[PDB]
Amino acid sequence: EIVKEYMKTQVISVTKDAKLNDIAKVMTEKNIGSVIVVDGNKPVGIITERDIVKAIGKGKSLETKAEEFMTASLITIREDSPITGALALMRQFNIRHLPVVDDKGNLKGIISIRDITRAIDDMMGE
């Protein structure tokens, strides 16, 4: 089983200077719970619904920039990689989400631990 068959297809992202309220609006209209923060050319972080609640919960304003409340992270994975490969990286880098790119580097999707345990559920004798 590969990342591609379990990741959530998603090419939308937001810049490191994007505003929290604007980010929230994108996620709401696109109907997504997580989003990759890119420093123009590459992913530099991830933002989930929990990160937005936590940011407000810590005293940050609705204008706070993405880079100030996202989970900073540079690691990515190829969509062709085995899911167990994604699991290993999430563990080693302590992250619940992985931006998924192609052989060229273009952002294709995002895969999370939920997807991993799911793929496991889908896969036996006693």
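Start at 1 and count along the sequence shown; that's the residue number.
Asker: Identify the stretch, either 35 to 43 or 61 to 69, whose C-alpha atoms have the larger mean B-factor according to the entry.
Answerer: Mean CA B-factor is higher for 35 to 43.
Asker: Compare the mean C-alpha B-factor of 102 to 110 with that of 17 to 25 as given in the PDB entry, and name the stretch with the higher value.
Answerer: It is 102 to 110.
Asker: Could you place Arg96 in the lowest, middle or highest third of its chain by Cα temperature factor, using the values in the record?
Answerer: CA B-factor rank for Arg96: middle third.
Asker: Looking at the temperature factor on the CA atom of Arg78, which third of the chain's modelled residues does it land in?
Answerer: Middle third, going by the recorded CA B-factors of the chain.
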